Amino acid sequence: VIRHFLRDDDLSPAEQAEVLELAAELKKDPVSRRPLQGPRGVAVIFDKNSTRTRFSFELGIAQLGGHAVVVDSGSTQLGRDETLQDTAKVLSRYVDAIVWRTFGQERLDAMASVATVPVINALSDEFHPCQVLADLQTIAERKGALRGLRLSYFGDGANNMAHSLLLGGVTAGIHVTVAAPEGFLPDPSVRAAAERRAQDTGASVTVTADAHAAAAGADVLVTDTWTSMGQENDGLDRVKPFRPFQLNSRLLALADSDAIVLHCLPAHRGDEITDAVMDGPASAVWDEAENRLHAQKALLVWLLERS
């Protein structure tokens, strides 16, 4: 019955494609779709920091005719231990969708399990699915057909972006490669889900510790922070392992000539990515960030007309 979006494969390949096509339509006509007219509300809850997600969601919602109630969960009664399920049943009386940036996926599942409106993952510890929709809209407007392109991700292969690039990348027909060192590879379960979905789309999943091989011939190079939110006090050395995986000019010179570079941001310039690459001719980082707005609006128009 009600459609949620907690992870990238919650959209079938055909569904993802309808979303991305609508994304491109909304980018060209931003304020003419008003499913939340009223204004109907949408909850937008943050447990972690945000710039791109906060702005793109709040504005998108307003552009759909609705009203984002944007909160830090700590100042809600979640900070005083109201259960996630009571919260979600309450929010279901006020809003038409619940967008949440959180820690463990289990938290999203708890709310999704009783909510009577779409729950949307605005970033968890294990996935960042709205980002990869914006990533894919950006690749599509630059390259055309998504099916059969090669995309390589570099760095922490166990974080939310690695995971979502895998699931959303194969959902789109894309051969995805994760280049990561050995403490830091995708979760087996996510890798299994990606392989499962790739079978239906013609895609493939490669996981390697050879950055040079991952880069070579690639159509899209992607990276992300070596230390994500939640990982600060994990005690690991998060510099030494990742140095070989830095997205720099040696690396990019191995890719296909028309290759593009993505980074979800915020970037720690000099670490995972260098200035010359980020501010170079291949970077699509600013268009990528912008698409957060157009992609999430499409997602929401699509989820709402199905719920």
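Numbers follow the displayed sequence, beginning with 1.
If you average the C-alpha B-factors over 90-98 and over 142-150, the higher value belongs to 142-150.
Of the two segments examined, 15-23 and 293-301, it is 15-23 that shows the higher average Cα temperature factor in the deposited entry. Across 72, 126, 109, 224, the greatest Cα temperature factor reported in the deposited entry is at 72. Ranking 161, 214, 122, 133 by Cα temperature factor from the entry places 214 first. In the PDB entry, a CA B factor belonging to the lowest third of its chain's modelled residues is recorded for residue 7. Ranked by C-alpha B-factor against the other modelled residues of its chain, residue 267 falls in the middle third.
The deposited CA B-factor of residue 56 belongs to the lowest third of values across its chain. For residue 114, the recorded CA B-factor ranks within the middle third of the chain. Only modelled residues enter the ranking. Annotation for residue 241: C-alpha temperature factor in the highest third relative to the rest of the modelled chain, per the entry.
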